[PDB]
Amino acid sequence: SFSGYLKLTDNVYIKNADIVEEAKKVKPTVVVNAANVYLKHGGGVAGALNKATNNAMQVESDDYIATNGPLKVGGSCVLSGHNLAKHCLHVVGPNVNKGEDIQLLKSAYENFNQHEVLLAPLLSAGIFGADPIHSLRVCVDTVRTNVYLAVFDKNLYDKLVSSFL
Ligand SMILES: O=C(O)[C@@H]1CCC[C@@H]1c1ccc2ocnc2c1
């Protein structure tokens with residue numbers, strides 16, 4: 001099971017960890033991907049998770065988009081977790097660097113409530129351009145299921161813990 005996490009609330013936990021290495025160790029039921037609407041897993045968490053699957057995540061994702069079309073910003077889909085997890089929940093938070101509505105971040109986190117326990121990154125943070133302190137706040141005030149947050153950047157992790165209300 002999950003180990004070394006700091007408890008933030010009744011149901012939100014956090015750790016300074018690479019989510020790929022955490023997923024390989026834990027093999028959780030659900031790993032969350034910080035996806036875009038096209039499921040094009042180029043960089044950030046998505047590029048790292050896809051590379052760890054030897055591109056099998058991207059091949060599966062291209063078939064999903066060919067059948068269903070793009071996701072909505074704020075939406076999600078459940079696909080295989082490949083060698084990392086049973087399932088991957090691909091969730092699209094708004095990308096501030098592409099000019100998307102930050103109010104859609106709450107809708108993005110609501111997708112987590114469909115799963116009893118998840119390993120996840122902070123949505124819309126990193127290369128998606130939103131303030132990670134805000135993302136953590138929306139996570140705590142939205143998700144009611146058990147979420148284990150993996151924060152890869154050590155300096156960000158320390159800032160998120162020290163500023164957490
Ligand atoms: O936690 C971070 O440092 C940022 C915040 C938004 C997500 C990003 C991240 C998370 C896990 C990652 O695992 C490999 N690369 C990763 C990047």
# chains A, B, ... in the order shown; residues from 1 in each chain; ligands from 1

call {"tool": "residues_near_ligand", "arguments": {"ligand": "ligand 1", "cutoff": "12 Å", "atoms": "only C-alpha atoms and all ligand atoms", "output": "MDAnalysis selection string"}}
result
chainID A and resid 14:24 31:35 42:52 93 95 119:136 148:160

call {"tool": "write_last_selection", "arguments": {"atoms": "C-alpha atoms", "output": "CSV table (one decimal), in the first residue's frame"}}
result
chain,number,residue,atom,x,y,z
A,14,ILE,CA,0.7,14.2,-0.2
A,15,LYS,CA,4.3,13.0,-0.9
A,16,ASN,CA,7.3,14.3,-2.7
A,17,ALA,CA,7.6,11.5,-5.3
A,18,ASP,CA,7.8,10.9,-9.0
A,19,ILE,CA,4.3,9.6,-9.9
A,20,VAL,CA,5.8,7.0,-12.3
A,21,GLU,CA,8.0,5.5,-9.6
A,22,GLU,CA,5.1,5.6,-7.1
A,23,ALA,CA,2.9,3.8,-9.6
A,24,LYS,CA,5.5,1.1,-10.3
A,31,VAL,CA,-3.4,6.4,-11.5
A,32,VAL,CA,-4.5,9.8,-12.7
A,33,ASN,CA,-3.0,11.3,-15.8
A,34,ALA,CA,-2.8,15.1,-16.4
A,35,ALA,CA,-4.2,14.7,-19.8
A,42,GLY,CA,3.9,14.7,-24.9
A,43,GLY,CA,5.2,16.2,-21.7
A,44,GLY,CA,4.8,16.7,-17.9
A,45,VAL,CA,3.1,13.8,-16.1
A,46,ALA,CA,1.4,12.5,-19.3
A,47,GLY,CA,4.7,12.2,-21.3
A,48,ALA,CA,6.4,10.5,-18.3
A,49,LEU,CA,3.5,8.0,-17.7
A,50,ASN,CA,3.3,7.2,-21.4
A,51,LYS,CA,7.1,6.7,-21.7
A,52,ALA,CA,6.9,4.3,-18.8
A,93,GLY,CA,-7.7,20.2,-16.1
A,95,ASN,CA,-4.4,24.8,-19.3
A,119,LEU,CA,-2.7,8.1,-7.0
A,120,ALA,CA,-2.7,11.5,-8.7
A,121,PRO,CA,-0.7,14.6,-9.6
A,122,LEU,CA,-1.9,18.2,-8.9
A,123,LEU,CA,-4.2,19.1,-11.8
A,124,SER,CA,-3.5,22.2,-13.9
A,125,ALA,CA,-0.2,22.8,-12.2
A,126,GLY,CA,3.3,22.4,-13.8
A,127,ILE,CA,3.2,23.0,-17.5
A,128,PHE,CA,-0.5,23.6,-17.4
A,129,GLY,CA,0.3,27.0,-15.9
A,130,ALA,CA,-2.1,27.3,-12.8
A,131,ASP,CA,-1.0,28.1,-9.3
A,132,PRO,CA,-0.3,24.8,-7.5
A,133,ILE,CA,-1.3,26.2,-4.2
A,134,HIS,CA,-4.7,26.9,-5.7
A,135,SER,CA,-4.8,23.5,-7.3
A,136,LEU,CA,-4.2,21.8,-3.9
A,148,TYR,CA,-2.7,10.2,-2.7
A,149,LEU,CA,-0.9,13.2,-4.3
A,150,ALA,CA,2.6,12.8,-5.8
A,151,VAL,CA,4.4,16.0,-6.1
A,152,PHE,CA,7.6,15.5,-8.2
A,153,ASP,CA,9.3,18.9,-7.5
A,154,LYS,CA,10.9,18.9,-4.1
A,155,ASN,CA,10.9,22.7,-3.7
A,156,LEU,CA,7.2,22.8,-4.7
A,157,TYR,CA,6.3,20.0,-2.2
A,158,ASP,CA,7.9,22.0,0.6
A,159,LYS,CA,6.1,25.2,-0.4
A,160,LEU,CA,2.7,23.3,-0.6

call {"tool": "residues_around", "arguments": {"residues": "residue A:82", "least_positions_apart": "3", "cutoff": "7 Å", "atoms": "only C-alpha atoms", "output": "ChimeraX atom specification"}}
result
/A:53,85-86

call {"tool": "residues_around", "arguments": {"residues": "stretch 90-92 of chain A", "least_positions_apart": "6", "cutoff": "8 Å", "atoms": "only C-alpha atoms", "output": "PyMOL selection string"}}
result
chain A and resi 32-37+39+71-79+108+111+123

call {"tool": "select_by_dssp", "arguments": {"residues": "stretch 6-153 of chain A", "states": "strand (DSSP E)", "output": "JSON, numbers by chain"}}
result
{"A": [6, 7, 12, 13, 14, 15, 16, 30, 31, 32, 33, 34, 76, 77, 78, 79, 80, 87, 88, 89, 90, 91, 117, 118, 119, 120, 146, 147, 148, 149, 150, 151]}

call {"tool": "residues_around", "arguments": {"residues": "residue A:142", "least_positions_apart": "4", "cutoff": "10 Å", "atoms": "only C-alpha atoms", "output": "mmCIF file with N, CA and C atoms, in the first residue's frame"}}
result
data_model
loop_
_atom_site.group_PDB
_atom_site.id
_atom_site.type_symbol
_atom_site.label_atom_id
_atom_site.label_comp_id
_atom_site.auth_asym_id
_atom_site.auth_seq_id
_atom_site.Cartn_x
_atom_site.Cartn_y
_atom_site.Cartn_z
ATOM 1 N N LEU A 105 -11.267 23.850 -13.121
ATOM 2 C CA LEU A 105 -10.446 22.963 -12.293
ATOM 3 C C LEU A 105 -11.287 22.193 -11.266
ATOM 4 N N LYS A 106 -12.334 22.816 -10.714
ATOM 5 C CA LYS A 106 -13.200 22.089 -9.763
ATOM 6 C C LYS A 106 -13.894 20.923 -10.491
ATOM 7 N N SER A 107 -14.429 21.185 -11.709
ATOM 8 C CA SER A 107 -15.069 20.112 -12.512
ATOM 9 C C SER A 107 -14.086 18.981 -12.799
ATOM 10 N N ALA A 108 -12.816 19.324 -13.079
ATOM 11 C CA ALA A 108 -11.807 18.312 -13.315
ATOM 12 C C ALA A 108 -11.603 17.419 -12.096
ATOM 13 N N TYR A 109 -11.468 18.043 -10.911
ATOM 14 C CA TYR A 109 -11.287 17.235 -9.691
ATOM 15 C C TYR A 109 -12.516 16.381 -9.347
ATOM 16 N N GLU A 110 -13.748 16.829 -9.756
ATOM 17 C CA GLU A 110 -14.934 16.022 -9.438
ATOM 18 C C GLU A 110 -14.855 14.622 -10.032
ATOM 19 N N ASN A 111 -14.104 14.457 -11.145
ATOM 20 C CA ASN A 111 -13.961 13.121 -11.723
ATOM 21 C C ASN A 111 -13.342 12.133 -10.742
ATOM 22 N N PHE A 112 -12.527 12.650 -9.795
ATOM 23 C CA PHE A 112 -11.878 11.739 -8.822
ATOM 24 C C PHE A 112 -12.900 11.066 -7.906
ATOM 25 N N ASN A 113 -14.077 11.710 -7.700
ATOM 26 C CA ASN A 113 -15.062 11.154 -6.781
ATOM 27 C C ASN A 113 -15.694 9.869 -7.259
ATOM 28 N N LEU A 136 -4.094 22.629 -5.091
ATOM 29 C CA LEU A 136 -4.213 21.791 -3.884
ATOM 30 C C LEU A 136 -5.464 22.161 -3.089
ATOM 31 N N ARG A 137 -5.753 23.451 -2.985
ATOM 32 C CA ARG A 137 -6.944 23.920 -2.277
ATOM 33 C C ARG A 137 -8.228 23.410 -2.935
ATOM 34 N N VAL A 138 -8.314 23.490 -4.261
ATOM 35 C CA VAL A 138 -9.495 22.984 -4.970
ATOM 36 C C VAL A 138 -9.591 21.466 -4.787
#

call {"tool": "atom_distance", "arguments": {"atom1": "atom CA of residue A:4", "atom2": "atom CA of residue A:25"}}
result
12.5 Å

call {"tool": "decode", "arguments": {"residues": "stretch 121-140 of chain A", "atoms": "N, CA and C atoms", "output": "PDB file, in the first residue's frame"}}
result
ATOM      1  N   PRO A 121      -1.517  13.400  -9.637  1.00  0.00           N
ATOM      2  CA  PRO A 121      -0.745  14.638  -9.578  1.00  0.00           C
ATOM      3  C   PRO A 121      -1.696  15.832  -9.301  1.00  0.00           C
ATOM      4  N   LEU A 122      -1.111  17.022  -9.062  1.00  0.00           N
ATOM      5  CA  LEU A 122      -1.925  18.233  -8.935  1.00  0.00           C
ATOM      6  C   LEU A 122      -2.378  18.658 -10.333  1.00  0.00           C
ATOM      7  N   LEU A 123      -3.691  18.750 -10.533  1.00  0.00           N
ATOM      8  CA  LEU A 123      -4.224  19.128 -11.847  1.00  0.00           C
ATOM      9  C   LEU A 123      -3.971  20.579 -12.132  1.00  0.00           C
ATOM     10  N   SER A 124      -3.725  20.873 -13.401  1.00  0.00           N
ATOM     11  CA  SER A 124      -3.495  22.221 -13.941  1.00  0.00           C
ATOM     12  C   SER A 124      -2.212  22.891 -13.446  1.00  0.00           C
ATOM     13  N   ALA A 125      -1.437  22.244 -12.611  1.00  0.00           N
ATOM     14  CA  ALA A 125      -0.165  22.780 -12.174  1.00  0.00           C
ATOM     15  C   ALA A 125       0.956  22.357 -13.168  1.00  0.00           C
ATOM     16  N   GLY A 126       2.188  22.714 -12.872  1.00  0.00           N
ATOM     17  CA  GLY A 126       3.292  22.440 -13.780  1.00  0.00           C
ATOM     18  C   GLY A 126       3.101  23.170 -15.088  1.00  0.00           C
ATOM     19  N   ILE A 127       3.280  22.415 -16.158  1.00  0.00           N
ATOM     20  CA  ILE A 127       3.227  23.028 -17.525  1.00  0.00           C
ATOM     21  C   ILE A 127       1.818  23.447 -17.943  1.00  0.00           C
ATOM     22  N   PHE A 128       0.794  23.117 -17.121  1.00  0.00           N
ATOM     23  CA  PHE A 128      -0.544  23.626 -17.391  1.00  0.00           C
ATOM     24  C   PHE A 128      -0.747  25.062 -16.883  1.00  0.00           C
ATOM     25  N   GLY A 129       0.223  25.608 -16.138  1.00  0.00           N
ATOM     26  CA  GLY A 129       0.251  27.048 -15.885  1.00  0.00           C
ATOM     27  C   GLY A 129      -0.506  27.595 -14.706  1.00  0.00           C
ATOM     28  N   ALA A 130      -1.310  26.778 -13.984  1.00  0.00           N
ATOM     29  CA  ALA A 130      -2.059  27.312 -12.830  1.00  0.00           C
ATOM     30  C   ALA A 130      -1.205  27.305 -11.566  1.00  0.00           C
ATOM     31  N   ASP A 131      -1.663  28.036 -10.559  1.00  0.00           N
ATOM     32  CA  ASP A 131      -0.966  28.118  -9.303  1.00  0.00           C
ATOM     33  C   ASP A 131      -1.163  26.792  -8.561  1.00  0.00           C
ATOM     34  N   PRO A 132      -0.093  26.055  -8.251  1.00  0.00           N
ATOM     35  CA  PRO A 132      -0.254  24.772  -7.542  1.00  0.00           C
ATOM     36  C   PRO A 132      -0.854  24.887  -6.151  1.00  0.00           C
ATOM     37  N   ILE A 133      -0.662  26.038  -5.475  1.00  0.00           N
ATOM     38  CA  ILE A 133      -1.294  26.223  -4.154  1.00  0.00           C
ATOM     39  C   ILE A 133      -2.831  26.231  -4.319  1.00  0.00           C
ATOM     40  N   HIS A 134      -3.300  26.907  -5.359  1.00  0.00           N
ATOM     41  CA  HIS A 134      -4.735  26.923  -5.669  1.00  0.00           C
ATOM     42  C   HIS A 134      -5.224  25.543  -6.056  1.00  0.00           C
ATOM     43  N   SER A 135      -4.428  24.813  -6.882  1.00  0.00           N
ATOM     44  CA  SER A 135      -4.846  23.471  -7.271  1.00  0.00           C
ATOM     45  C   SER A 135      -5.023  22.559  -6.058  1.00  0.00           C
ATOM     46  N   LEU A 136      -4.094  22.629  -5.091  1.00  0.00           N
ATOM     47  CA  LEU A 136      -4.213  21.791  -3.884  1.00  0.00           C
ATOM     48  C   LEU A 136      -5.464  22.161  -3.089  1.00  0.00           C
ATOM     49  N   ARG A 137      -5.753  23.451  -2.985  1.00  0.00           N
ATOM     50  CA  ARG A 137      -6.944  23.920  -2.277  1.00  0.00           C
ATOM     51  C   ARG A 137      -8.228  23.410  -2.935  1.00  0.00           C
ATOM     52  N   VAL A 138      -8.314  23.490  -4.261  1.00  0.00           N
ATOM     53  CA  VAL A 138      -9.495  22.984  -4.970  1.00  0.00           C
ATOM     54  C   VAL A 138      -9.591  21.466  -4.787  1.00  0.00           C
ATOM     55  N   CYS A 139      -8.454  20.750  -4.829  1.00  0.00           N
ATOM     56  CA  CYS A 139      -8.468  19.298  -4.600  1.00  0.00           C
ATOM     57  C   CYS A 139      -9.088  18.976  -3.223  1.00  0.00           C
ATOM     58  N   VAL A 140      -8.575  19.630  -2.174  1.00  0.00           N
ATOM     59  CA  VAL A 140      -9.054  19.332  -0.809  1.00  0.00           C
ATOM     60  C   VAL A 140     -10.520  19.680  -0.664  1.00  0.00           C
TER      61      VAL A 140
END
